[PDB]
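Asker: If it helps, the file is called coords-v3.cif and holds mmCIF, C-alpha atoms; chains and numbers go by the auth columns:
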```
data_structure
loop_
_atom_site.group_PDB
_atom_site.id
_atom_site.type_symbol
_atom_site.label_atom_id
_atom_site.label_comp_id
_atom_site.label_asym_id
_atom_site.label_seq_id
_atom_site.Cartn_x
_atom_site.Cartn_y
_atom_site.Cartn_z
_atom_site.B_iso_or_equiv
_atom_site.auth_seq_id
_atom_site.auth_asym_id
ATOM 1 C CA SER A 1 90.996 -82.232 89.600 0.00 5 H
ATOM 2 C CA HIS A 2 91.979 -83.206 86.064 0.00 6 H
ATOM 3 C CA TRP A 3 94.245 -80.320 85.197 0.00 7 H
ATOM 4 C CA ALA A 4 94.077 -77.474 87.661 0.00 8 H
ATOM 5 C CA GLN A 5 97.744 -78.086 88.411 0.00 9 H
ATOM 6 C CA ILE A 6 99.639 -74.916 89.256 0.00 10 H
ATOM 7 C CA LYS A 7 101.468 -77.144 91.772 0.00 11 H
ATOM 8 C CA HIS A 8 100.135 -75.145 94.719 0.00 12 H
ATOM 9 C CA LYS A 9 98.910 -71.574 94.410 0.00 13 H
ATOM 10 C CA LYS A 10 100.595 -70.360 91.189 0.00 14 H
ATOM 11 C CA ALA A 11 103.590 -72.063 89.524 0.00 15 H
ATOM 12 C CA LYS A 12 106.321 -69.661 90.738 0.00 16 H
ATOM 13 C CA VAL A 13 106.000 -66.029 91.877 0.00 17 H
ATOM 14 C CA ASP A 14 109.652 -65.312 91.113 0.00 18 H
ATOM 15 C CA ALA A 15 111.254 -67.349 88.334 0.00 19 H
ATOM 16 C CA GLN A 16 108.037 -67.567 86.338 0.00 20 H
ATOM 17 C CA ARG A 17 106.866 -63.938 86.451 0.00 21 H
ATOM 18 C CA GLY A 18 108.211 -62.730 83.096 0.00 22 H
ATOM 19 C CA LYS A 19 106.356 -65.544 81.388 0.00 23 H
ATOM 20 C CA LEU A 20 103.159 -64.890 83.307 0.00 24 H
ATOM 21 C CA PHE A 21 103.313 -61.124 82.668 0.00 25 H
ATOM 22 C CA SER A 22 103.992 -61.716 79.021 0.00 26 H
ATOM 23 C CA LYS A 23 100.693 -63.610 78.832 0.00 27 H
ATOM 24 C CA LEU A 24 98.852 -61.000 80.878 0.00 28 H
ATOM 25 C CA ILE A 25 100.172 -58.291 78.532 0.00 29 H
ATOM 26 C CA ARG A 26 98.873 -60.293 75.524 0.00 30 H
ATOM 27 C CA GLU A 27 95.402 -60.609 77.099 0.00 31 H
ATOM 28 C CA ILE A 28 95.222 -56.856 77.684 0.00 32 H
ATOM 29 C CA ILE A 29 96.385 -56.173 74.078 0.00 33 H
ATOM 30 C CA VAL A 30 93.801 -58.506 72.509 0.00 34 H
ATOM 31 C CA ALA A 31 91.018 -57.428 74.871 0.00 35 H
ATOM 32 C CA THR A 32 91.839 -53.892 73.775 0.00 36 H
ATOM 33 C CA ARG A 33 91.958 -54.630 70.066 0.00 37 H
ATOM 34 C CA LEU A 34 88.641 -56.477 70.411 0.00 38 H
ATOM 35 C CA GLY A 35 86.535 -54.062 72.462 0.00 39 H
ATOM 36 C CA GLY A 36 88.411 -50.777 72.645 0.00 40 H
ATOM 37 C CA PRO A 37 90.956 -49.197 75.095 0.00 41 H
ATOM 38 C CA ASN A 38 88.186 -47.689 77.221 0.00 42 H
ATOM 39 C CA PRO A 39 87.397 -50.245 79.951 0.00 43 H
ATOM 40 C CA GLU A 40 83.980 -48.741 80.523 0.00 44 H
ATOM 41 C CA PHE A 41 82.753 -50.309 77.265 0.00 45 H
ATOM 42 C CA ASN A 42 84.998 -53.375 77.616 0.00 46 H
ATOM 43 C CA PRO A 43 84.316 -55.935 80.390 0.00 47 H
ATOM 44 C CA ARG A 44 87.080 -58.244 79.176 0.00 48 H
ATOM 45 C CA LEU A 45 89.645 -55.436 79.451 0.00 49 H
ATOM 46 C CA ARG A 46 88.332 -54.496 82.865 0.00 50 H
ATOM 47 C CA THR A 47 89.049 -58.043 83.973 0.00 51 H
ATOM 48 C CA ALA A 48 92.451 -58.290 82.317 0.00 52 H
ATOM 49 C CA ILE A 49 93.488 -55.093 84.042 0.00 53 H
ATOM 50 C CA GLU A 50 92.308 -56.440 87.393 0.00 54 H
ATOM 51 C CA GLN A 51 94.190 -59.730 87.039 0.00 55 H
ATOM 52 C CA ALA A 52 97.312 -57.891 86.080 0.00 56 H
ATOM 53 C CA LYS A 53 97.043 -55.725 89.156 0.00 57 H
ATOM 54 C CA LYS A 54 96.480 -58.776 91.299 0.00 58 H
ATOM 55 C CA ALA A 55 99.647 -60.393 90.000 0.00 59 H
ATOM 56 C CA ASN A 56 101.695 -57.341 90.896 0.00 60 H
ATOM 57 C CA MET A 57 102.419 -56.366 87.293 0.00 61 H
ATOM 58 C CA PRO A 58 103.673 -52.739 87.209 0.00 62 H
ATOM 59 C CA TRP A 59 100.845 -50.422 86.315 0.00 63 H
ATOM 60 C CA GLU A 60 103.094 -48.857 83.693 0.00 64 H
ATOM 61 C CA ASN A 61 103.066 -52.199 81.867 0.00 65 H
ATOM 62 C CA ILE A 62 99.321 -52.391 81.970 0.00 66 H
ATOM 63 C CA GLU A 63 99.053 -48.910 80.407 0.00 67 H
ATOM 64 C CA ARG A 64 101.653 -49.719 77.759 0.00 68 H
ATOM 65 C CA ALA A 65 99.715 -52.865 76.801 0.00 69 H
ATOM 66 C CA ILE A 66 96.472 -50.943 76.275 0.00 70 H
ATOM 67 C CA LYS A 67 98.171 -48.432 73.993 0.00 71 H
ATOM 68 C CA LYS A 68 99.640 -51.251 71.983 0.00 72 H
ATOM 69 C CA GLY A 69 96.307 -52.962 71.436 0.00 73 H
ATOM 70 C CA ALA A 70 94.547 -49.700 70.484 0.00 74 H
ATOM 71 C CA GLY A 71 97.346 -47.729 68.882 0.00 75 H
ATOM 72 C CA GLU A 72 97.283 -50.948 66.884 0.00 76 H
ATOM 73 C CA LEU A 73 96.788 -51.081 63.137 0.00 77 H
ATOM 74 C CA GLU A 74 100.303 -51.543 61.745 0.00 78 H
ATOM 75 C CA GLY A 75 103.261 -52.393 63.968 0.00 79 H
ATOM 76 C CA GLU A 76 101.959 -55.328 66.052 0.00 80 H
ATOM 77 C CA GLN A 77 99.189 -57.607 64.783 0.00 81 H
ATOM 78 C CA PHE A 78 98.284 -59.770 67.791 0.00 82 H
ATOM 79 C CA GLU A 79 95.379 -62.147 67.076 0.00 83 H
ATOM 80 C CA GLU A 80 93.832 -65.186 68.825 0.00 84 H
ATOM 81 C CA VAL A 81 94.221 -68.515 67.027 0.00 85 H
ATOM 82 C CA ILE A 82 92.808 -71.870 68.071 0.00 86 H
ATOM 83 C CA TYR A 83 94.885 -74.932 67.395 0.00 87 H
ATOM 84 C CA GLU A 84 93.414 -78.408 67.518 0.00 88 H
ATOM 85 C CA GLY A 85 95.195 -81.757 67.561 0.00 89 H
ATOM 86 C CA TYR A 86 95.721 -85.087 69.243 0.00 90 H
ATOM 87 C CA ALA A 87 98.165 -86.288 71.871 0.00 91 H
ATOM 88 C CA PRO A 88 99.098 -89.939 72.344 0.00 92 H
ATOM 89 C CA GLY A 89 96.337 -92.235 73.540 0.00 93 H
ATOM 90 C CA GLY A 90 93.744 -90.470 71.408 0.00 94 H
ATOM 91 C CA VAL A 91 93.557 -87.479 73.749 0.00 95 H
ATOM 92 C CA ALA A 92 92.020 -84.376 72.144 0.00 96 H
ATOM 93 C CA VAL A 93 93.777 -81.032 72.674 0.00 97 H
ATOM 94 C CA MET A 94 92.719 -77.429 72.007 0.00 98 H
ATOM 95 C CA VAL A 95 95.327 -74.686 72.242 0.00 99 H
ATOM 96 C CA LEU A 96 94.335 -71.043 72.573 0.00 100 H
ATOM 97 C CA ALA A 97 97.166 -68.833 71.341 0.00 101 H
ATOM 98 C CA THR A 98 97.648 -65.065 70.900 0.00 102 H
ATOM 99 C CA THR A 99 100.390 -64.458 68.355 0.00 103 H
ATOM 100 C CA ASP A 100 101.727 -61.794 66.013 0.00 104 H
ATOM 101 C CA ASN A 101 102.935 -64.391 63.510 0.00 105 H
ATOM 102 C CA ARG A 102 100.562 -67.320 62.978 0.00 106 H
ATOM 103 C CA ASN A 103 102.879 -69.266 60.640 0.00 107 H
ATOM 104 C CA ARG A 104 105.618 -69.088 63.266 0.00 108 H
ATOM 105 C CA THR A 105 103.370 -70.211 66.101 0.00 109 H
ATOM 106 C CA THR A 106 101.858 -72.998 64.013 0.00 110 H
ATOM 107 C CA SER A 107 105.255 -74.451 63.374 0.00 111 H
ATOM 108 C CA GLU A 108 106.266 -74.194 67.037 0.00 112 H
ATOM 109 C CA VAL A 109 103.048 -75.953 68.013 0.00 113 H
ATOM 110 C CA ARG A 110 103.347 -78.574 65.313 0.00 114 H
ATOM 111 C CA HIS A 111 106.906 -79.291 66.490 0.00 115 H
ATOM 112 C CA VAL A 112 105.756 -79.668 70.078 0.00 116 H
ATOM 113 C CA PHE A 113 102.990 -82.084 69.097 0.00 117 H
ATOM 114 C CA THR A 114 105.285 -84.234 66.937 0.00 118 H
ATOM 115 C CA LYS A 115 108.150 -84.369 69.432 0.00 119 H
ATOM 116 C CA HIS A 116 105.813 -85.832 72.010 0.00 120 H
ATOM 117 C CA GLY A 117 104.117 -88.363 69.737 0.00 121 H
ATOM 118 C CA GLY A 118 101.082 -86.238 69.049 0.00 122 H
ATOM 119 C CA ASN A 119 99.834 -84.595 65.887 0.00 123 H
ATOM 120 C CA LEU A 120 98.601 -81.105 65.172 0.00 124 H
ATOM 121 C CA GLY A 121 95.465 -81.326 63.057 0.00 125 H
ATOM 122 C CA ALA A 122 93.290 -78.940 61.098 0.00 126 H
ATOM 123 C CA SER A 123 90.707 -76.487 62.328 0.00 127 H
ATOM 124 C CA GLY A 124 87.751 -78.469 63.551 0.00 128 H
ATOM 125 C CA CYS A 125 89.367 -81.873 64.203 0.00 129 H
ATOM 126 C CA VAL A 126 88.547 -81.794 67.882 0.00 130 H
ATOM 127 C CA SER A 127 86.255 -78.877 68.727 0.00 131 H
ATOM 128 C CA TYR A 128 83.081 -80.928 68.507 0.00 132 H
ATOM 129 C CA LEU A 129 84.435 -82.739 71.634 0.00 133 H
ATOM 130 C CA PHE A 130 84.350 -79.551 73.724 0.00 134 H
ATOM 131 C CA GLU A 131 82.020 -76.661 74.592 0.00 135 H
ATOM 132 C CA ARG A 132 82.915 -72.966 75.034 0.00 136 H
ATOM 133 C CA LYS A 133 82.363 -71.967 78.666 0.00 137 H
ATOM 134 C CA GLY A 134 83.126 -69.226 81.141 0.00 138 H
ATOM 135 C CA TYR A 135 85.770 -70.337 83.629 0.00 139 H
ATOM 136 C CA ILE A 136 86.323 -68.915 87.112 0.00 140 H
ATOM 137 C CA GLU A 137 89.082 -69.823 89.548 0.00 141 H
ATOM 138 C CA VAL A 138 88.787 -69.207 93.295 0.00 142 H
ATOM 139 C CA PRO A 139 91.551 -69.814 95.845 0.00 143 H
ATOM 140 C CA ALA A 140 90.884 -72.855 98.029 0.00 144 H
ATOM 141 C CA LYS A 141 93.050 -71.476 100.830 0.00 145 H
ATOM 142 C CA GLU A 142 90.765 -68.499 101.197 0.00 146 H
ATOM 143 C CA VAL A 143 87.365 -70.212 101.156 0.00 147 H
ATOM 144 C CA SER A 144 85.836 -73.600 101.887 0.00 148 H
ATOM 145 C CA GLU A 145 84.566 -76.562 99.914 0.00 149 H
ATOM 146 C CA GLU A 146 81.168 -76.182 101.558 0.00 150 H
ATOM 147 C CA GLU A 147 80.643 -72.409 101.476 0.00 151 H
ATOM 148 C CA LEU A 148 81.868 -72.153 97.934 0.00 152 H
ATOM 149 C CA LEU A 149 79.878 -75.127 96.673 0.00 153 H
ATOM 150 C CA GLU A 150 76.769 -73.393 98.023 0.00 154 H
ATOM 151 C CA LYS A 151 77.615 -69.993 96.591 0.00 155 H
ATOM 152 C CA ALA A 152 78.303 -71.430 93.139 0.00 156 H
ATOM 153 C CA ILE A 153 74.807 -72.951 93.161 0.00 157 H
ATOM 154 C CA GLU A 154 73.363 -69.781 94.629 0.00 158 H
ATOM 155 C CA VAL A 155 74.700 -67.684 91.733 0.00 159 H
ATOM 156 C CA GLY A 156 73.594 -70.310 89.234 0.00 160 H
ATOM 157 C CA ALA A 157 76.693 -72.007 87.772 0.00 161 H
ATOM 158 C CA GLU A 158 76.987 -74.558 84.990 0.00 162 H
ATOM 159 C CA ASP A 159 79.427 -76.875 86.822 0.00 163 H
ATOM 160 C CA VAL A 160 81.658 -76.859 89.907 0.00 164 H
ATOM 161 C CA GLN A 161 84.713 -78.836 90.867 0.00 165 H
ATOM 162 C CA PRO A 162 86.598 -78.403 94.170 0.00 166 H
ATOM 163 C CA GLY A 163 90.383 -78.249 94.127 0.00 167 H
ATOM 164 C CA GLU A 164 93.291 -78.736 96.517 0.00 168 H
ATOM 165 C CA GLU A 165 94.602 -75.333 95.548 0.00 169 H
ATOM 166 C CA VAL A 166 91.835 -73.894 93.450 0.00 170 H
ATOM 167 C CA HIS A 167 88.140 -74.374 92.969 0.00 171 H
ATOM 168 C CA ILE A 168 86.811 -74.157 89.449 0.00 172 H
ATOM 169 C CA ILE A 169 83.467 -72.764 88.396 0.00 173 H
ATOM 170 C CA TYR A 170 82.121 -73.030 84.878 0.00 174 H
ATOM 171 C CA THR A 171 79.484 -70.763 83.435 0.00 175 H
ATOM 172 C CA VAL A 172 77.459 -70.105 80.257 0.00 176 H
ATOM 173 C CA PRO A 173 80.021 -68.141 78.252 0.00 177 H
ATOM 174 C CA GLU A 174 77.824 -65.084 77.789 0.00 178 H
ATOM 175 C CA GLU A 175 77.311 -64.964 81.585 0.00 179 H
ATOM 176 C CA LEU A 176 80.885 -65.158 82.683 0.00 180 H
ATOM 177 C CA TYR A 177 81.183 -61.591 83.984 0.00 181 H
ATOM 178 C CA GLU A 178 77.730 -61.602 85.470 0.00 182 H
ATOM 179 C CA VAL A 179 78.560 -64.673 87.504 0.00 183 H
ATOM 180 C CA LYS A 180 81.966 -63.278 88.489 0.00 184 H
ATOM 181 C CA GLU A 181 80.254 -60.086 89.692 0.00 185 H
ATOM 182 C CA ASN A 182 77.634 -61.971 91.690 0.00 186 H
ATOM 183 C CA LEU A 183 80.282 -64.150 93.314 0.00 187 H
ATOM 184 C CA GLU A 184 82.442 -61.223 94.381 0.00 188 H
ATOM 185 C CA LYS A 185 79.263 -59.470 95.641 0.00 189 H
ATOM 186 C CA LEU A 186 78.927 -62.490 97.990 0.00 190 H
ATOM 187 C CA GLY A 187 82.511 -62.232 99.217 0.00 191 H
ATOM 188 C CA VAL A 188 84.165 -64.851 97.013 0.00 192 H
ATOM 189 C CA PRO A 189 87.693 -63.915 95.824 0.00 193 H
ATOM 190 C CA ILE A 190 88.329 -64.430 92.095 0.00 194 H
ATOM 191 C CA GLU A 191 91.747 -65.588 90.920 0.00 195 H
ATOM 192 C CA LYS A 192 90.849 -65.885 87.228 0.00 196 H
ATOM 193 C CA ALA A 193 87.800 -65.324 85.013 0.00 197 H
ATOM 194 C CA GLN A 194 88.058 -66.152 81.323 0.00 198 H
ATOM 195 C CA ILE A 195 86.428 -67.936 78.416 0.00 199 H
ATOM 196 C CA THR A 196 87.741 -71.473 77.917 0.00 200 H
ATOM 197 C CA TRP A 197 86.671 -74.773 76.309 0.00 201 H
ATOM 198 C CA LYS A 198 85.480 -77.725 78.415 0.00 202 H
ATOM 199 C CA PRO A 199 85.517 -81.358 77.267 0.00 203 H
ATOM 200 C CA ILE A 200 82.053 -82.871 76.845 0.00 204 H
ATOM 201 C CA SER A 201 83.550 -86.242 77.713 0.00 205 H
ATOM 202 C CA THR A 202 86.942 -87.669 78.647 0.00 206 H
ATOM 203 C CA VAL A 203 89.349 -90.307 77.355 0.00 207 H
ATOM 204 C CA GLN A 204 90.519 -92.749 80.032 0.00 208 H
ATOM 205 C CA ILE A 205 94.264 -93.324 79.739 0.00 209 H
ATOM 206 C CA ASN A 206 95.662 -96.109 81.927 0.00 210 H
ATOM 207 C CA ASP A 207 99.053 -96.682 80.278 0.00 211 H
ATOM 208 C CA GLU A 208 101.497 -94.831 82.497 0.00 212 H
ATOM 209 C CA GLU A 209 103.813 -94.554 79.495 0.00 213 H
ATOM 210 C CA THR A 210 101.179 -92.837 77.402 0.00 214 H
ATOM 211 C CA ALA A 211 100.055 -90.645 80.319 0.00 215 H
ATOM 212 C CA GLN A 212 103.537 -89.192 80.667 0.00 216 H
ATOM 213 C CA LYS A 213 103.790 -88.335 76.980 0.00 217 H
ATOM 214 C CA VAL A 214 100.433 -86.575 77.076 0.00 218 H
ATOM 215 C CA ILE A 215 101.471 -84.513 80.106 0.00 219 H
ATOM 216 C CA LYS A 216 104.837 -83.573 78.634 0.00 220 H
ATOM 217 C CA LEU A 217 103.145 -82.451 75.457 0.00 221 H
ATOM 218 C CA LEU A 218 100.694 -80.241 77.338 0.00 222 H
ATOM 219 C CA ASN A 219 103.495 -78.842 79.522 0.00 223 H
ATOM 220 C CA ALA A 220 105.544 -78.130 76.396 0.00 224 H
ATOM 221 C CA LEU A 221 102.656 -76.206 74.829 0.00 225 H
ATOM 222 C CA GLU A 222 102.321 -74.167 78.022 0.00 226 H
ATOM 223 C CA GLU A 223 105.969 -73.145 77.715 0.00 227 H
ATOM 224 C CA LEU A 224 105.270 -71.211 74.539 0.00 228 H
ATOM 225 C CA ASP A 225 104.890 -67.482 75.019 0.00 229 H
ATOM 226 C CA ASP A 226 102.251 -67.557 72.299 0.00 230 H
ATOM 227 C CA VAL A 227 100.105 -69.999 74.268 0.00 231 H
ATOM 228 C CA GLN A 228 97.418 -68.680 76.683 0.00 232 H
ATOM 229 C CA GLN A 229 95.489 -71.844 77.388 0.00 233 H
ATOM 230 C CA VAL A 230 95.807 -75.547 76.779 0.00 234 H
ATOM 231 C CA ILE A 231 92.756 -77.843 77.205 0.00 235 H
ATOM 232 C CA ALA A 232 92.641 -81.617 76.871 0.00 236 H
ATOM 233 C CA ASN A 233 90.053 -84.315 77.442 0.00 237 H
ATOM 234 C CA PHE A 234 92.243 -86.988 79.025 0.00 238 H
ATOM 235 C CA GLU A 235 91.287 -89.049 82.043 0.00 239 H
ATOM 236 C CA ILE A 236 94.322 -90.213 84.081 0.00 240 H
ATOM 237 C CA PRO A 237 94.334 -92.268 87.344 0.00 241 H
ATOM 238 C CA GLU A 238 95.189 -89.749 90.089 0.00 242 H
ATOM 239 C CA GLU A 239 98.871 -89.176 89.303 0.00 243 H
ATOM 240 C CA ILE A 240 101.056 -86.219 90.274 0.00 244 H
ATOM 241 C CA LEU A 241 104.199 -87.688 88.710 0.00 245 H
ATOM 242 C CA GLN A 242 105.505 -84.650 86.780 0.00 246 H
ATOM 243 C CA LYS A 243 104.025 -81.254 85.849 0.00 247 H
#
```
Could you spell out this file's structure in structure tokens?
Answerer:
Amino acid sequence: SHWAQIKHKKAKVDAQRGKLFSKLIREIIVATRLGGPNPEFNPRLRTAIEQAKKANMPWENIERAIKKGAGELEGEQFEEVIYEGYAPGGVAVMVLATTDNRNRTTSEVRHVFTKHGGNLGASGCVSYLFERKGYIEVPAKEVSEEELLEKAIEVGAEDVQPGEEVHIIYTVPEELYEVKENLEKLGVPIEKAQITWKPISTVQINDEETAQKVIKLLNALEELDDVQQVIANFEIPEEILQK
């Protein structure tokens, strides 16, 4: 279950909503800038819109976000940037950010890494330790380990890992939406469907001291509005101590 920690079905559907919506708004903006404001020719946008609706984000905010990503070109500038660096214990970290000011975000990220004993590196310092994959989340509460494990295989997934709160399904990146579609067509609810990076191997970290620094670093990166996803290749002995 190495990092699938939303604590138990989302982090907080009350105090944390502004932050979550801010990130959903960014995804709609970038999906729009990347494949157009017309969802019919934009599967990513179709999915971003759906996730926003599922999270109870006002439809007026969803519409506003699409106009911002399309009415783009001067007066915005949101782009996706990938940061790569190392946390203590030799743990590799990729950070997927969507920002309107790269220099600003880079400094915020660099500060976070340094504060926690890590080090932001240059483009390419860790990506060879990960692979780009489709990532699908399905609510544990609503399905079963057994039924889901079978359906994942039935649709033809790359990798599956049960969860206490969420089950995770990985796919070939180009087949992310095809798999999502086939899973919903079989009755499986989808909580999230997005492109992510998956470690090709993990780094075992047994020093409880080091483990805590790694986790605080990752948590700190998550607290940045500019950050969409944080991925690391650590391997920690079943520990819930902290976020």
Asker: Please define a box with edges along x, y and z of the file around all atoms of segment 117-127 of chain H given in the file, extend it by 6 Å on each side, and return its centre and edge lengths in Å to one decimal, as AutoDock Vina command-line options.
Answerer:
```
--center_x 99.4 --center_y -82.4 --center_z 66.6 --size_x 29.4 --size_y 23.9 --size_z 22.9
```
Asker: How far is it from atom CA of residue 83 of chain H to atom CA of residue 99 of chain H, in Å with one decimal?
Answerer: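 Calculated distance between atom CA of residue 83 of chain H and atom CA of residue 99 of chain H is 13.6 Å.
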Asker: Neighbourhood query: residues within 12 Å of (97.4, -60.4, 65.8), file coordinates, counting all atoms listed in the file; return as a ChimeraX atom specification.
Answerer: /H:30-31,33-38,72-73,76-85,101-107,109,230
Asker: Mind telling me what the PyMOL selection byres ((chain H and resi 129) around 9) catches here, as number ranges by chain?
Answerer: H: 88-90, 96, 125-128, 130-133
Asker: Return the single residue from H:160, H:121, H:94, H:143 that is closest to residue 206 of chain H, with distances computed using only C-alpha atoms.
Answerer: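 Nearest to residue 206 of chain H: H:94.
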Asker: Got a sec to resolve the PyMOL selection byres ((chain H and resi 181) around 9) on this structure and send the residues as a list in words?
Answerer: residues 47, 48, 51, 138, 177, 178, 179, 180, 182, 183, 184, 185, 186, 197 and 198 of chain H
Asker: Quick one: which residues end up in the PyMOL selection byres ((chain H and resi 216) around 10) for this structure, as a list in words?
Answerer: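 In the shown coordinates, the PyMOL selection byres ((chain H and resi 216) around 10) covers residues 92, 120, 211, 212, 213, 214, 215, 217, 218, 219, 220, 221, 222, 240, 243, 245, 246 and 247 of chain H.
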Asker: Go ahead and dump the residues you just picked, C-alpha atoms, as an mmCIF file, keeping the file's coordinate frame.
Answerer:
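To be explicit, this is the file written out as again_12.cif:
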```
data_model
loop_
_atom_site.group_PDB
_atom_site.id
_atom_site.type_symbol
_atom_site.label_atom_id
_atom_site.label_comp_id
_atom_site.auth_asym_id
_atom_site.auth_seq_id
_atom_site.Cartn_x
_atom_site.Cartn_y
_atom_site.Cartn_z
ATOM 1 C CA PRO H 92 99.098 -89.939 72.344
ATOM 2 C CA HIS H 120 105.813 -85.832 72.010
ATOM 3 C CA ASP H 211 99.053 -96.682 80.278
ATOM 4 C CA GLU H 212 101.497 -94.831 82.497
ATOM 5 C CA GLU H 213 103.813 -94.554 79.495
ATOM 6 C CA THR H 214 101.179 -92.837 77.402
ATOM 7 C CA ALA H 215 100.055 -90.645 80.319
ATOM 8 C CA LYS H 217 103.790 -88.335 76.980
ATOM 9 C CA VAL H 218 100.433 -86.575 77.076
ATOM 10 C CA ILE H 219 101.471 -84.513 80.106
ATOM 11 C CA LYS H 220 104.837 -83.573 78.634
ATOM 12 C CA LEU H 221 103.145 -82.451 75.457
ATOM 13 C CA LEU H 222 100.694 -80.241 77.338
ATOM 14 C CA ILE H 240 94.322 -90.213 84.081
ATOM 15 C CA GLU H 243 98.871 -89.176 89.303
ATOM 16 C CA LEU H 245 104.199 -87.688 88.710
ATOM 17 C CA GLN H 246 105.505 -84.650 86.780
ATOM 18 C CA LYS H 247 104.025 -81.254 85.849
#
```
Asker: Please provide as number ranges by chain all residues within 9 Å of residue 165 of chain H, with the sequence filter that same-chain residues fewer than 6 positions apart are discarded (counting all atoms listed in the file).
Answerer: H: 5, 153, 171-174
Asker: I'd like to know which of H:56, H:239, H:157, H:98 is closest to residue 26 of chain H, using all atoms listed in the file.
Answerer: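 Distance minimum relative to residue 26 of chain H lands on H:56.
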Asker: Could you give me, as number ranges by chain, the residues within 12 Å of residue 145 of chain H, counting only C-alpha atoms and dropping anything in the same chain fewer than 6 positions from it?
Answerer: H: 12-13, 152, 166-171, 192-193, 195
Asker: Please compute the atom CA of residue 234 of chain H-atom CA of residue 10 of chain H distance, one decimal, in Å.
Answerer: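 It comes out at 13.1 Å.
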Asker: To one decimal place in Å, what is the distance between atom CA of residue 232 of chain H and atom CA of residue 134 of chain H?
Answerer: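 A separation of 17.3 Å between them.
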Asker: Nearest residue to residue 87 of chain H out of H:113, H:142, H:244, H:224, using only C-alpha atoms?
Answerer: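 Ranked by minimum distance to residue 87 of chain H, first place goes to H:113.
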Asker: Please provide as a ChimeraX atom specification all residues within 12 Å of residue 24 of chain H, with the sequence filter that same-chain residues fewer than 5 positions apart are discarded (counting only C-alpha atoms).
Answerer: /H:14-19,29-31,55-56,59-61,226-233
Asker: From (84.6, -79.4, 77.6), in the file's coordinates, out to 9 Å: which residues are reached, counting all atoms listed in the file? Answer as a PDB file with C-alpha atoms, keeping the file's coordinate frame.
Answerer:
```pdb
ATOM      1  CA  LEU H 133      84.435 -82.739  71.634  1.00  0.00           C
ATOM      2  CA  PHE H 134      84.350 -79.551  73.724  1.00  0.00           C
ATOM      3  CA  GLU H 135      82.020 -76.661  74.592  1.00  0.00           C
ATOM      4  CA  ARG H 136      82.915 -72.966  75.034  1.00  0.00           C
ATOM      5  CA  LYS H 137      82.363 -71.967  78.666  1.00  0.00           C
ATOM      6  CA  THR H 200      87.741 -71.473  77.917  1.00  0.00           C
ATOM      7  CA  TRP H 201      86.671 -74.773  76.309  1.00  0.00           C
ATOM      8  CA  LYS H 202      85.480 -77.725  78.415  1.00  0.00           C
ATOM      9  CA  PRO H 203      85.517 -81.358  77.267  1.00  0.00           C
ATOM     10  CA  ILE H 204      82.053 -82.871  76.845  1.00  0.00           C
ATOM     11  CA  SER H 205      83.550 -86.242  77.713  1.00  0.00           C
ATOM     12  CA  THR H 206      86.942 -87.669  78.647  1.00  0.00           C
ATOM     13  CA  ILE H 235      92.756 -77.843  77.205  1.00  0.00           C
ATOM     14  CA  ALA H 236      92.641 -81.617  76.871  1.00  0.00           C
ATOM     15  CA  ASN H 237      90.053 -84.315  77.442  1.00  0.00           C
TER      16      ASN H 237
END
```
Asker: Find, counting all atoms listed in the file, the residue in H:28, H:97, H:86, H:199 that gets nearest to residue 66 of chain H.
Answerer: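 The shortest atom-to-atom distance to residue 66 of chain H comes from H:28.
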Asker: Go through H:58, H:225, H:23, H:70 and flag the residue nearest residue 46 of chain H, using all atoms listed in the file for the distances.
Answerer: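 Checking each of H:58, H:225, H:23, H:70 against residue 46 of chain H, counting all atoms listed in the file, the winner is H:70.
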Asker: With the input short on atoms, add N, CA, C and O atoms back to segment 241-247 of chain H and write it as a PDB file, in the coordinates of the input.
Answerer:
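Output saved as rebuild.pdb:
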```pdb
ATOM      1  N   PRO H 241      94.460 -91.805  85.956  1.00  0.00           N
ATOM      2  CA  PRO H 241      94.334 -92.268  87.344  1.00  0.00           C
ATOM      3  C   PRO H 241      95.158 -91.427  88.315  1.00  0.00           C
ATOM      4  O   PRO H 241      96.381 -91.530  88.329  1.00  0.00           O
ATOM      5  N   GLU H 242      94.493 -90.606  89.122  1.00  0.00           N
ATOM      6  CA  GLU H 242      95.189 -89.749  90.089  1.00  0.00           C
ATOM      7  C   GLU H 242      96.702 -89.977  90.113  1.00  0.00           C
ATOM      8  O   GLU H 242      97.194 -90.913  90.746  1.00  0.00           O
ATOM      9  N   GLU H 243      97.421 -89.106  89.413  1.00  0.00           N
ATOM     10  CA  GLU H 243      98.871 -89.176  89.303  1.00  0.00           C
ATOM     11  C   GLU H 243      99.446 -87.768  89.328  1.00  0.00           C
ATOM     12  O   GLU H 243      99.003 -86.906  88.573  1.00  0.00           O
ATOM     13  N   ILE H 244     100.434 -87.535  90.184  1.00  0.00           N
ATOM     14  CA  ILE H 244     101.056 -86.219  90.274  1.00  0.00           C
ATOM     15  C   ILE H 244     102.423 -86.267  89.603  1.00  0.00           C
ATOM     16  O   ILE H 244     103.012 -85.228  89.302  1.00  0.00           O
ATOM     17  N   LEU H 245     102.909 -87.483  89.357  1.00  0.00           N
ATOM     18  CA  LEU H 245     104.199 -87.688  88.710  1.00  0.00           C
ATOM     19  C   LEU H 245     104.359 -86.715  87.545  1.00  0.00           C
ATOM     20  O   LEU H 245     103.732 -86.881  86.498  1.00  0.00           O
ATOM     21  N   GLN H 246     105.193 -85.695  87.760  1.00  0.00           N
ATOM     22  CA  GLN H 246     105.505 -84.650  86.780  1.00  0.00           C
ATOM     23  C   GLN H 246     104.567 -83.443  86.816  1.00  0.00           C
ATOM     24  O   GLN H 246     103.645 -83.384  87.629  1.00  0.00           O
ATOM     25  N   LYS H 247     104.821 -82.480  85.931  1.00  0.00           N
ATOM     26  CA  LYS H 247     104.025 -81.254  85.849  1.00  0.00           C
ATOM     27  C   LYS H 247     102.596 -81.562  85.414  1.00  0.00           C
ATOM     28  O   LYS H 247     102.234 -82.756  85.378  1.00  0.00           O
TER      29      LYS H 247
END
```
